[PDB]
Amino acid sequence: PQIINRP
Amino acid sequence: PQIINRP
Amino acid sequence: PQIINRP
Amino acid sequence: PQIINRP
Amino acid sequence: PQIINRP
Amino acid sequence: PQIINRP
Amino acid sequence: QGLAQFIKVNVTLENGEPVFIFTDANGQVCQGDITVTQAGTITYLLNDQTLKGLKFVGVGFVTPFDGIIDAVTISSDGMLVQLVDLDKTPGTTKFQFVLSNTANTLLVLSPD
Amino acid sequence: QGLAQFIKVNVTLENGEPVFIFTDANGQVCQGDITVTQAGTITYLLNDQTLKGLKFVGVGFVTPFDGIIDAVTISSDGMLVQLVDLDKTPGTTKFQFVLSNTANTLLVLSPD
Amino acid sequence: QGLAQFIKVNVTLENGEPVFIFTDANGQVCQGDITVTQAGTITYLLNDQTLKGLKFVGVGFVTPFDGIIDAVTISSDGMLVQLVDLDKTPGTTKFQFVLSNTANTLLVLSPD
Amino acid sequence: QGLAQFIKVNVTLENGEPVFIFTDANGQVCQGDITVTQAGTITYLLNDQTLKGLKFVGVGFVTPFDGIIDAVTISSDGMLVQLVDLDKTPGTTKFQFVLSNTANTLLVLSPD
Amino acid sequence: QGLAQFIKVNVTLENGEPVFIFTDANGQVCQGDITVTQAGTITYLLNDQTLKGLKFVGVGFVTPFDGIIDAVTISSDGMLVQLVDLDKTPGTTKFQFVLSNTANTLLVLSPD
Amino acid sequence: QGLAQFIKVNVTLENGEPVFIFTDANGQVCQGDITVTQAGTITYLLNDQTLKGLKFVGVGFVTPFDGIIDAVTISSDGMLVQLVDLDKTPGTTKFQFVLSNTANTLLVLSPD
């Protein structure tokens, strides 16, 4: 799977 | 330490 | 990598 | 339990 | 080493 | 067992 | 303070090989992928229905130093892995579950 | 979907022995004790300043089956332990951190 | 040369939770506590009757560096832990057994 | 009685991330892929030049039960992994190296 | 490139104690001893018929630094140990299989 | 209640290989062999002077089920191994120390 970071 | 649960 | 078997 | 040392 | 038992 | 090396 | 997400990693056999089906808190199949909008944790709980004795041994990354995921924790029984994502570093990372099994000595990887 | 809390476990020596000082997200000293009013996680991060090579090896419980904490996870470097608390079971539980150290072969316990 | 003492750590469940009852070589219940008058060893043998799969993982100390106990050894099956007490340093120390179990991933601690 | 092949797994950083470059007995870059036309072994030897403390922890497979590789062995220092391939089952399999590292607690995977 | 040899370590009980009988690829009893004429691997596969839960934990040497054997690998299930012999250093070395068992906490050694 | 004996296992190199020299409580070289004339323990403490990173990983036996030694314990740092000998079974047993080392992945055995 993928993880997407948006602070 | 103590842990308190309140569902 | 890939492994190919040919007995 | 407790351990007590007396050389 | 060797261990010898004599109960 | 024993292992013997001869390059 | 942040989000604790929970995903269930159901694993089945199909054609003698493992298939991973992810399930959200509502019981819906999801793609597996997540978005992190603030510091938090993603908890993955293994539901092994392959009869192959699967246990998590870790979470693997092709770009392990990209900083997207900060840490990985795992439980002593291999049923749980957690990711810590502090959400400082923006971007995206792809990972794979790494697992042991009792049929053999090869490690199992979820799809890339 | 629930709360991810982050507590820092600062360990110092005083009188040759370990003292545990918990710190919250704000950087304020907190007592350590948490109230969980939904399913979530508590991430504890070790800040070992004792120079004694401390590493988490687990979280110990005198009443381990009271079901207040569902699971413990730990990181391969021993810097992080996380508790999963599904918050189904009401009540209270006391635990202590169990840690290894490099000076000797005894385990270290935070205060009861 | 010194004393080899043997104590049996019987563990039962009561109210779903572990209780530790110590037994000496004569089969008498003891308090658990010991006095060491010279260099030696204390061997503790686990009699787990909790059906919870308990194994010793170590012996934990709140004052691990007080020097009262010099070393801890443990057996590969987790049924035995031994303390080495060289009896150089006088004083007293309190410790707790740390154990794994098969019901869950939390560590079990004997009472402080 | 069969073929023992030796491949070196050179790991460098580029753009802060691991790159795997396989080298054959001649010292020539090879693609990594092997053809096995009898029962034998493939020994992979880690040359970690990433300064990140890489160690093999296993060899991972998306189709771990396809029976092309029979077993994996690894050395206590993580510098060597070997595959046993009895070459009974025809077909092909893709695998990835799983490695620990000392900068963080995520596992490293060679490319799929 | 070199020889991959395969030997089977059958272990039986006789007089309550383990006996090691080695078997070659043809199914013939052999002495156990090998000659290496070039770089290669010796794979040993455990056939434990002692009912004592034996697993390889390693291969032990009285002259571990004689350089005859370069490395030892082992499988996660303890059924396989492999030796890497690069055959640079001539001479002879004697070794013993070291194994765990489930009856007790002592390690088992094959004969010197 | 029985005897706790303490033997030091000094390891040096000679001709590039390990030599084991046992020392008793007095500081006198002893042969290593012990007679046990009651239930007790033998604590062996490693003094590794080989610069090769030796650690006890166990105590190995060619006749592991002869019941002369009941159990082995070891410390988390590998500096200490202890034998429990309940002295019920008469007779004699020979054992060898099994140790890891940091130069290579072979186990080290004290002489048979």
# chains A, B, ... in the order shown; residues from 1 in each chain; ligands from 1

call {"tool": "residues_around", "arguments": {"residues": "residue 2 of chain E", "least_positions_apart": "6", "cutoff": "7 Å", "atoms": "only C-alpha atoms", "output": "ChimeraX atom specification"}}
result
/L:33-34,92-95

call {"tool": "interface_residues", "arguments": {"of": "chain L", "to": "chain H", "cutoff": "8 Å", "atoms": "only C-alpha atoms", "output": "count of residues only"}}
result
3

call {"tool": "select_by_dssp", "arguments": {"residues": "chain G", "states": "strand (DSSP E or B)", "output": "PDB file with N, CA, C and O atoms, in the first residue's frame"}}
result
ATOM      1  N   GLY G   2      -3.222  13.496  17.482  1.00  0.00           N
ATOM      2  CA  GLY G   2      -3.546  12.948  16.182  1.00  0.00           C
ATOM      3  C   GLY G   2      -4.458  11.765  16.078  1.00  0.00           C
ATOM      4  O   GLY G   2      -5.080  11.339  17.035  1.00  0.00           O
ATOM      5  N   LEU G   3      -4.502  11.253  14.859  1.00  0.00           N
ATOM      6  CA  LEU G   3      -5.416  10.206  14.455  1.00  0.00           C
ATOM      7  C   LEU G   3      -4.772   8.832  14.697  1.00  0.00           C
ATOM      8  O   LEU G   3      -3.627   8.591  14.262  1.00  0.00           O
ATOM      9  N   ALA G   4      -5.493   7.971  15.426  1.00  0.00           N
ATOM     10  CA  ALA G   4      -5.257   6.512  15.430  1.00  0.00           C
ATOM     11  C   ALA G   4      -6.232   5.786  14.449  1.00  0.00           C
ATOM     12  O   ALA G   4      -7.420   5.610  14.731  1.00  0.00           O
ATOM     13  N   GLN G   5      -5.710   5.394  13.287  1.00  0.00           N
ATOM     14  CA  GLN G   5      -6.452   4.600  12.289  1.00  0.00           C
ATOM     15  C   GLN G   5      -6.227   3.103  12.509  1.00  0.00           C
ATOM     16  O   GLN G   5      -5.153   2.712  12.946  1.00  0.00           O
ATOM     17  N   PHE G   6      -7.230   2.277  12.190  1.00  0.00           N
ATOM     18  CA  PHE G   6      -7.154   0.813  12.350  1.00  0.00           C
ATOM     19  C   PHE G   6      -7.530   0.104  11.079  1.00  0.00           C
ATOM     20  O   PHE G   6      -8.606   0.291  10.587  1.00  0.00           O
ATOM     21  N   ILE G   7      -6.647  -0.729  10.559  1.00  0.00           N
ATOM     22  CA  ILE G   7      -6.900  -1.465   9.329  1.00  0.00           C
ATOM     23  C   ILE G   7      -6.627  -2.904   9.617  1.00  0.00           C
ATOM     24  O   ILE G   7      -5.702  -3.247  10.353  1.00  0.00           O
ATOM     25  N   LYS G   8      -7.418  -3.759   8.993  1.00  0.00           N
ATOM     26  CA  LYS G   8      -7.315  -5.172   9.199  1.00  0.00           C
ATOM     27  C   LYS G   8      -6.763  -5.789   7.922  1.00  0.00           C
ATOM     28  O   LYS G   8      -7.248  -5.511   6.813  1.00  0.00           O
ATOM     29  N   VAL G   9      -5.694  -6.570   8.094  1.00  0.00           N
ATOM     30  CA  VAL G   9      -5.011  -7.212   6.995  1.00  0.00           C
ATOM     31  C   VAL G   9      -5.497  -8.635   6.974  1.00  0.00           C
ATOM     32  O   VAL G   9      -5.042  -9.467   7.755  1.00  0.00           O
ATOM     33  N   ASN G  10      -6.490  -8.907   6.132  1.00  0.00           N
ATOM     34  CA  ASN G  10      -7.050 -10.268   6.035  1.00  0.00           C
ATOM     35  C   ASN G  10      -6.212 -10.925   4.979  1.00  0.00           C
ATOM     36  O   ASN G  10      -5.934 -10.309   3.930  1.00  0.00           O
ATOM     37  N   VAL G  11      -5.787 -12.150   5.201  1.00  0.00           N
ATOM     38  CA  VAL G  11      -4.984 -12.825   4.177  1.00  0.00           C
ATOM     39  C   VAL G  11      -5.621 -14.158   3.890  1.00  0.00           C
ATOM     40  O   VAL G  11      -5.914 -14.912   4.796  1.00  0.00           O
ATOM     41  N   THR G  12      -5.854 -14.439   2.626  1.00  0.00           N
ATOM     42  CA  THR G  12      -6.491 -15.675   2.222  1.00  0.00           C
ATOM     43  C   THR G  12      -5.562 -16.366   1.249  1.00  0.00           C
ATOM     44  O   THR G  12      -4.634 -15.757   0.765  1.00  0.00           O
ATOM     45  N   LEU G  13      -5.806 -17.632   0.952  1.00  0.00           N
ATOM     46  CA  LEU G  13      -5.113 -18.280  -0.163  1.00  0.00           C
ATOM     47  C   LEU G  13      -6.016 -18.329  -1.379  1.00  0.00           C
ATOM     48  O   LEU G  13      -7.216 -18.618  -1.254  1.00  0.00           O
ATOM     49  N   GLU G  14      -5.422 -18.090  -2.548  1.00  0.00           N
ATOM     50  CA  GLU G  14      -6.096 -18.252  -3.805  1.00  0.00           C
ATOM     51  C   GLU G  14      -5.063 -18.666  -4.826  1.00  0.00           C
ATOM     52  O   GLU G  14      -4.098 -17.919  -5.059  1.00  0.00           O
ATOM     53  N   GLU G  17      -1.681 -19.249  -3.154  1.00  0.00           N
ATOM     54  CA  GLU G  17      -0.858 -18.079  -2.867  1.00  0.00           C
ATOM     55  C   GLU G  17      -1.634 -16.995  -2.134  1.00  0.00           C
ATOM     56  O   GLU G  17      -2.838 -16.828  -2.320  1.00  0.00           O
ATOM     57  N   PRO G  18      -0.938 -16.222  -1.310  1.00  0.00           N
ATOM     58  CA  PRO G  18      -1.625 -15.260  -0.456  1.00  0.00           C
ATOM     59  C   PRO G  18      -2.192 -14.027  -1.169  1.00  0.00           C
ATOM     60  O   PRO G  18      -1.596 -13.475  -2.064  1.00  0.00           O
ATOM     61  N   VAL G  19      -3.361 -13.622  -0.734  1.00  0.00           N
ATOM     62  CA  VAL G  19      -4.003 -12.462  -1.244  1.00  0.00           C
ATOM     63  C   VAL G  19      -4.319 -11.607  -0.019  1.00  0.00           C
ATOM     64  O   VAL G  19      -4.784 -12.121   1.020  1.00  0.00           O
ATOM     65  N   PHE G  20      -4.110 -10.298  -0.151  1.00  0.00           N
ATOM     66  CA  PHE G  20      -4.292  -9.398   0.969  1.00  0.00           C
ATOM     67  C   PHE G  20      -5.491  -8.553   0.696  1.00  0.00           C
ATOM     68  O   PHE G  20      -5.554  -7.888  -0.337  1.00  0.00           O
ATOM     69  N   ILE G  21      -6.446  -8.590   1.632  1.00  0.00           N
ATOM     70  CA  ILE G  21      -7.654  -7.795   1.518  1.00  0.00           C
ATOM     71  C   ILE G  21      -7.794  -6.948   2.758  1.00  0.00           C
ATOM     72  O   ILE G  21      -7.941  -7.462   3.872  1.00  0.00           O
ATOM     73  N   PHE G  22      -7.737  -5.646   2.555  1.00  0.00           N
ATOM     74  CA  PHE G  22      -7.814  -4.702   3.654  1.00  0.00           C
ATOM     75  C   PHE G  22      -9.233  -4.278   3.983  1.00  0.00           C
ATOM     76  O   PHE G  22     -10.062  -4.062   3.102  1.00  0.00           O
ATOM     77  N   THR G  23      -9.458  -4.063   5.267  1.00  0.00           N
ATOM     78  CA  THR G  23     -10.756  -3.800   5.793  1.00  0.00           C
ATOM     79  C   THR G  23     -10.680  -2.642   6.764  1.00  0.00           C
ATOM     80  O   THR G  23      -9.792  -2.613   7.598  1.00  0.00           O
ATOM     81  N   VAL G  29     -14.098  -3.255   2.579  1.00  0.00           N
ATOM     82  CA  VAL G  29     -12.885  -3.413   1.840  1.00  0.00           C
ATOM     83  C   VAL G  29     -12.345  -2.018   1.456  1.00  0.00           C
ATOM     84  O   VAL G  29     -13.082  -1.133   0.985  1.00  0.00           O
ATOM     85  N   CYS G  30     -11.063  -1.803   1.716  1.00  0.00           N
ATOM     86  CA  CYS G  30     -10.414  -0.626   1.203  1.00  0.00           C
ATOM     87  C   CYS G  30      -9.184  -1.012   0.381  1.00  0.00           C
ATOM     88  O   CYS G  30      -8.757  -2.183   0.327  1.00  0.00           O
ATOM     89  N   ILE G  34      -3.415   5.116   2.518  1.00  0.00           N
ATOM     90  CA  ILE G  34      -3.906   6.122   3.472  1.00  0.00           C
ATOM     91  C   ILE G  34      -3.380   7.518   3.196  1.00  0.00           C
ATOM     92  O   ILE G  34      -2.346   7.684   2.573  1.00  0.00           O
ATOM     93  N   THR G  35      -4.109   8.519   3.670  1.00  0.00           N
ATOM     94  CA  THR G  35      -3.615   9.885   3.743  1.00  0.00           C
ATOM     95  C   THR G  35      -3.522  10.300   5.209  1.00  0.00           C
ATOM     96  O   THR G  35      -4.431  10.036   5.997  1.00  0.00           O
ATOM     97  N   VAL G  36      -2.395  10.915   5.561  1.00  0.00           N
ATOM     98  CA  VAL G  36      -2.173  11.439   6.889  1.00  0.00           C
ATOM     99  C   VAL G  36      -2.150  12.971   6.843  1.00  0.00           C
ATOM    100  O   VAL G  36      -1.251  13.582   6.242  1.00  0.00           O
ATOM    101  N   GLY G  40       0.272  10.978  13.723  1.00  0.00           N
ATOM    102  CA  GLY G  40      -0.532   9.863  14.228  1.00  0.00           C
ATOM    103  C   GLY G  40       0.035   8.462  14.009  1.00  0.00           C
ATOM    104  O   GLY G  40       1.245   8.277  13.785  1.00  0.00           O
ATOM    105  N   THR G  41      -0.865   7.482  14.080  1.00  0.00           N
ATOM    106  CA  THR G  41      -0.508   6.082  14.070  1.00  0.00           C
ATOM    107  C   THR G  41      -1.469   5.363  13.145  1.00  0.00           C
ATOM    108  O   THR G  41      -2.633   5.741  13.060  1.00  0.00           O
ATOM    109  N   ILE G  42      -0.980   4.332  12.460  1.00  0.00           N
ATOM    110  CA  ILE G  42      -1.827   3.429  11.686  1.00  0.00           C
ATOM    111  C   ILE G  42      -1.586   2.060  12.296  1.00  0.00           C
ATOM    112  O   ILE G  42      -0.454   1.561  12.310  1.00  0.00           O
ATOM    113  N   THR G  43      -2.626   1.467  12.847  1.00  0.00           N
ATOM    114  CA  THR G  43      -2.522   0.126  13.402  1.00  0.00           C
ATOM    115  C   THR G  43      -3.077  -0.942  12.441  1.00  0.00           C
ATOM    116  O   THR G  43      -4.238  -0.834  12.082  1.00  0.00           O
ATOM    117  N   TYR G  44      -2.267  -1.932  12.038  1.00  0.00           N
ATOM    118  CA  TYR G  44      -2.694  -3.034  11.162  1.00  0.00           C
ATOM    119  C   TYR G  44      -2.776  -4.320  11.932  1.00  0.00           C
ATOM    120  O   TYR G  44      -1.782  -4.735  12.507  1.00  0.00           O
ATOM    121  N   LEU G  45      -3.939  -4.986  11.902  1.00  0.00           N
ATOM    122  CA  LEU G  45      -4.171  -6.210  12.664  1.00  0.00           C
ATOM    123  C   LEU G  45      -4.359  -7.346  11.699  1.00  0.00           C
ATOM    124  O   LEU G  45      -5.160  -7.259  10.783  1.00  0.00           O
ATOM    125  N   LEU G  46      -3.608  -8.415  11.901  1.00  0.00           N
ATOM    126  CA  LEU G  46      -3.507  -9.491  10.947  1.00  0.00           C
ATOM    127  C   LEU G  46      -4.654 -10.422  11.205  1.00  0.00           C
ATOM    128  O   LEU G  46      -4.892 -10.791  12.355  1.00  0.00           O
ATOM    129  N   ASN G  47      -5.397 -10.758  10.144  1.00  0.00           N
ATOM    130  CA  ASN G  47      -6.400 -11.810  10.189  1.00  0.00           C
ATOM    131  C   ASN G  47      -5.971 -12.849   9.145  1.00  0.00           C
ATOM    132  O   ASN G  47      -6.325 -12.809   7.974  1.00  0.00           O
ATOM    133  N   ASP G  48      -5.176 -13.787   9.599  1.00  0.00           N
ATOM    134  CA  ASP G  48      -4.580 -14.734   8.716  1.00  0.00           C
ATOM    135  C   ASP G  48      -5.574 -15.825   8.544  1.00  0.00           C
ATOM    136  O   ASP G  48      -5.879 -16.499   9.480  1.00  0.00           O
ATOM    137  N   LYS G  55       2.825 -14.502  10.523  1.00  0.00           N
ATOM    138  CA  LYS G  55       3.048 -13.492  11.554  1.00  0.00           C
ATOM    139  C   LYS G  55       3.762 -12.289  10.891  1.00  0.00           C
ATOM    140  O   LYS G  55       4.660 -12.500  10.078  1.00  0.00           O
ATOM    141  N   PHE G  56       3.390 -11.053  11.238  1.00  0.00           N
ATOM    142  CA  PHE G  56       4.171  -9.876  10.834  1.00  0.00           C
ATOM    143  C   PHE G  56       5.566 -10.009  11.414  1.00  0.00           C
ATOM    144  O   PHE G  56       5.693 -10.370  12.596  1.00  0.00           O
ATOM    145  N   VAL G  57       6.600  -9.783  10.573  1.00  0.00           N
ATOM    146  CA  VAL G  57       7.944  -9.577  11.074  1.00  0.00           C
ATOM    147  C   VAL G  57       8.444  -8.130  10.913  1.00  0.00           C
ATOM    148  O   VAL G  57       9.465  -7.757  11.521  1.00  0.00           O
ATOM    149  N   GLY G  58       7.720  -7.327  10.127  1.00  0.00           N
ATOM    150  CA  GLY G  58       8.062  -5.919   9.853  1.00  0.00           C
ATOM    151  C   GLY G  58       7.288  -5.307   8.685  1.00  0.00           C
ATOM    152  O   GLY G  58       6.434  -5.945   8.083  1.00  0.00           O
ATOM    153  N   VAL G  59       7.587  -4.061   8.367  1.00  0.00           N
ATOM    154  CA  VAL G  59       6.986  -3.390   7.232  1.00  0.00           C
ATOM    155  C   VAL G  59       8.133  -2.883   6.374  1.00  0.00           C
ATOM    156  O   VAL G  59       8.988  -2.130   6.845  1.00  0.00           O
ATOM    157  N   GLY G  60       8.200  -3.341   5.134  1.00  0.00           N
ATOM    158  CA  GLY G  60       9.374  -3.095   4.289  1.00  0.00           C
ATOM    159  C   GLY G  60       9.162  -1.941   3.334  1.00  0.00           C
ATOM    160  O   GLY G  60       8.030  -1.753   2.852  1.00  0.00           O
ATOM    161  N   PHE G  61      10.236  -1.189   3.048  1.00  0.00           N
ATOM    162  CA  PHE G  61      10.218  -0.035   2.151  1.00  0.00           C
ATOM    163  C   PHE G  61      11.354  -0.072   1.138  1.00  0.00           C
ATOM    164  O   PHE G  61      12.531  -0.346   1.492  1.00  0.00           O
ATOM    165  N   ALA G  71       8.608   5.474  12.152  1.00  0.00           N
ATOM    166  CA  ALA G  71       8.928   4.241  12.893  1.00  0.00           C
ATOM    167  C   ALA G  71       7.881   3.173  12.665  1.00  0.00           C
ATOM    168  O   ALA G  71       6.758   3.449  12.258  1.00  0.00           O
ATOM    169  N   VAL G  72       8.291   1.944  12.932  1.00  0.00           N
ATOM    170  CA  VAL G  72       7.447   0.773  12.856  1.00  0.00           C
ATOM    171  C   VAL G  72       7.525   0.052  14.197  1.00  0.00           C
ATOM    172  O   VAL G  72       8.613  -0.134  14.716  1.00  0.00           O
ATOM    173  N   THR G  73       6.388  -0.313  14.772  1.00  0.00           N
ATOM    174  CA  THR G  73       6.391  -1.175  15.962  1.00  0.00           C
ATOM    175  C   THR G  73       5.668  -2.463  15.665  1.00  0.00           C
ATOM    176  O   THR G  73       4.851  -2.552  14.734  1.00  0.00           O
ATOM    177  N   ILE G  74       5.994  -3.495  16.431  1.00  0.00           N
ATOM    178  CA  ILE G  74       5.308  -4.761  16.217  1.00  0.00           C
ATOM    179  C   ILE G  74       5.120  -5.514  17.550  1.00  0.00           C
ATOM    180  O   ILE G  74       5.786  -5.230  18.531  1.00  0.00           O
ATOM    181  N   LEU G  80       0.116  -7.689  15.137  1.00  0.00           N
ATOM    182  CA  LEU G  80      -0.010  -6.252  15.025  1.00  0.00           C
ATOM    183  C   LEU G  80       1.293  -5.645  14.603  1.00  0.00           C
ATOM    184  O   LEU G  80       2.352  -5.997  15.157  1.00  0.00           O
ATOM    185  N   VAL G  81       1.202  -4.722  13.647  1.00  0.00           N
ATOM    186  CA  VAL G  81       2.264  -3.772  13.337  1.00  0.00           C
ATOM    187  C   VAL G  81       1.648  -2.412  13.341  1.00  0.00           C
ATOM    188  O   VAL G  81       0.551  -2.228  12.814  1.00  0.00           O
ATOM    189  N   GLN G  82       2.371  -1.460  13.911  1.00  0.00           N
ATOM    190  CA  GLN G  82       1.954  -0.075  13.877  1.00  0.00           C
ATOM    191  C   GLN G  82       2.998   0.783  13.216  1.00  0.00           C
ATOM    192  O   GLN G  82       4.174   0.529  13.355  1.00  0.00           O
ATOM    193  N   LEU G  83       2.551   1.773  12.460  1.00  0.00           N
ATOM    194  CA  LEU G  83       3.429   2.801  11.900  1.00  0.00           C
ATOM    195  C   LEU G  83       3.235   4.076  12.668  1.00  0.00           C
ATOM    196  O   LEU G  83       2.115   4.464  12.971  1.00  0.00           O
ATOM    197  N   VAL G  84       4.334   4.735  12.982  1.00  0.00           N
ATOM    198  CA  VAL G  84       4.251   6.083  13.483  1.00  0.00           C
ATOM    199  C   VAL G  84       4.523   7.024  12.301  1.00  0.00           C
ATOM    200  O   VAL G  84       5.520   6.885  11.581  1.00  0.00           O
ATOM    201  N   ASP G  85       3.587   7.931  12.067  1.00  0.00           N
ATOM    202  CA  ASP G  85       3.751   8.950  11.065  1.00  0.00           C
ATOM    203  C   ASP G  85       3.580  10.318  11.704  1.00  0.00           C
ATOM    204  O   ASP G  85       2.445  10.755  11.947  1.00  0.00           O
ATOM    205  N   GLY G  91       4.953  14.130   1.039  1.00  0.00           N
ATOM    206  CA  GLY G  91       5.329  13.229  -0.047  1.00  0.00           C
ATOM    207  C   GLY G  91       4.581  11.929   0.098  1.00  0.00           C
ATOM    208  O   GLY G  91       3.643  11.844   0.904  1.00  0.00           O
ATOM    209  N   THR G  92       4.989  10.913  -0.662  1.00  0.00           N
ATOM    210  CA  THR G  92       4.356   9.600  -0.575  1.00  0.00           C
ATOM    211  C   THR G  92       5.339   8.460  -0.583  1.00  0.00           C
ATOM    212  O   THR G  92       6.376   8.521  -1.229  1.00  0.00           O
ATOM    213  N   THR G  93       4.990   7.410   0.154  1.00  0.00           N
ATOM    214  CA  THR G  93       5.824   6.227   0.236  1.00  0.00           C
ATOM    215  C   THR G  93       5.006   4.971   0.044  1.00  0.00           C
ATOM    216  O   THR G  93       3.822   4.906   0.412  1.00  0.00           O
ATOM    217  N   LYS G  94       5.660   3.968  -0.537  1.00  0.00           N
ATOM    218  CA  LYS G  94       5.026   2.710  -0.831  1.00  0.00           C
ATOM    219  C   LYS G  94       5.732   1.708   0.049  1.00  0.00           C
ATOM    220  O   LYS G  94       6.968   1.786   0.197  1.00  0.00           O
ATOM    221  N   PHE G  95       4.964   0.807   0.664  1.00  0.00           N
ATOM    222  CA  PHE G  95       5.545  -0.227   1.492  1.00  0.00           C
ATOM    223  C   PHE G  95       4.896  -1.596   1.331  1.00  0.00           C
ATOM    224  O   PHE G  95       3.866  -1.752   0.712  1.00  0.00           O
ATOM    225  N   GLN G  96       5.519  -2.596   1.941  1.00  0.00           N
ATOM    226  CA  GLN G  96       5.006  -3.941   1.854  1.00  0.00           C
ATOM    227  C   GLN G  96       5.143  -4.614   3.203  1.00  0.00           C
ATOM    228  O   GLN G  96       6.106  -4.410   3.906  1.00  0.00           O
ATOM    229  N   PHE G  97       4.139  -5.392   3.563  1.00  0.00           N
ATOM    230  CA  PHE G  97       4.176  -6.159   4.756  1.00  0.00           C
ATOM    231  C   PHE G  97       5.124  -7.297   4.503  1.00  0.00           C
ATOM    232  O   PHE G  97       5.130  -7.853   3.415  1.00  0.00           O
ATOM    233  N   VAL G  98       5.968  -7.560   5.498  1.00  0.00           N
ATOM    234  CA  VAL G  98       6.887  -8.670   5.495  1.00  0.00           C
ATOM    235  C   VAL G  98       6.381  -9.597   6.597  1.00  0.00           C
ATOM    236  O   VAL G  98       6.134  -9.119   7.691  1.00  0.00           O
ATOM    237  N   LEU G  99       6.230 -10.892   6.300  1.00  0.00           N
ATOM    238  CA  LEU G  99       5.709 -11.868   7.246  1.00  0.00           C
ATOM    239  C   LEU G  99       6.434 -13.218   7.162  1.00  0.00           C
ATOM    240  O   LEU G  99       6.900 -13.648   6.094  1.00  0.00           O
ATOM    241  N   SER G 100       6.463 -13.904   8.294  1.00  0.00           N
ATOM    242  CA  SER G 100       7.001 -15.229   8.384  1.00  0.00           C
ATOM    243  C   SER G 100       5.810 -16.129   8.172  1.00  0.00           C
ATOM    244  O   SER G 100       4.685 -15.686   8.282  1.00  0.00           O
ATOM    245  N   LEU G 107      10.332 -15.533   3.450  1.00  0.00           N
ATOM    246  CA  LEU G 107       9.441 -14.480   3.965  1.00  0.00           C
ATOM    247  C   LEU G 107       8.355 -14.137   2.923  1.00  0.00           C
ATOM    248  O   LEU G 107       8.556 -14.242   1.713  1.00  0.00           O
ATOM    249  N   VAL G 108       7.186 -13.765   3.424  1.00  0.00           N
ATOM    250  CA  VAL G 108       6.062 -13.420   2.588  1.00  0.00           C
ATOM    251  C   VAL G 108       5.971 -11.910   2.476  1.00  0.00           C
ATOM    252  O   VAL G 108       6.119 -11.214   3.465  1.00  0.00           O
ATOM    253  N   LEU G 109       5.716 -11.394   1.275  1.00  0.00           N
ATOM    254  CA  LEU G 109       5.615  -9.959   1.073  1.00  0.00           C
ATOM    255  C   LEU G 109       4.266  -9.680   0.499  1.00  0.00           C
ATOM    256  O   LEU G 109       3.826 -10.352  -0.407  1.00  0.00           O
TER     257      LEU G 109
END

call {"tool": "atom_distance", "arguments": {"atom1": "atom CA of residue 87 of chain J", "atom2": "atom CA of residue 53 of chain K"}}
result
28.4 Å

call {"tool": "atom_distance", "arguments": {"atom1": "atom CA of residue 16 of chain J", "atom2": "atom CA of residue 88 of chain G"}}
result
17.5 Å

call {"tool": "atom_distance", "arguments": {"atom1": "atom CA of residue 62 of chain I", "atom2": "atom CA of residue 31 of chain I"}}
result
19.5 Å

call {"tool": "residues_around", "arguments": {"residues": "residue 86 of chain H", "least_positions_apart": "4", "cutoff": "8 Å", "atoms": "only C-alpha atoms", "output": "list in words"}}
result
residues 38, 39, 40, 69 and 70 of chain H
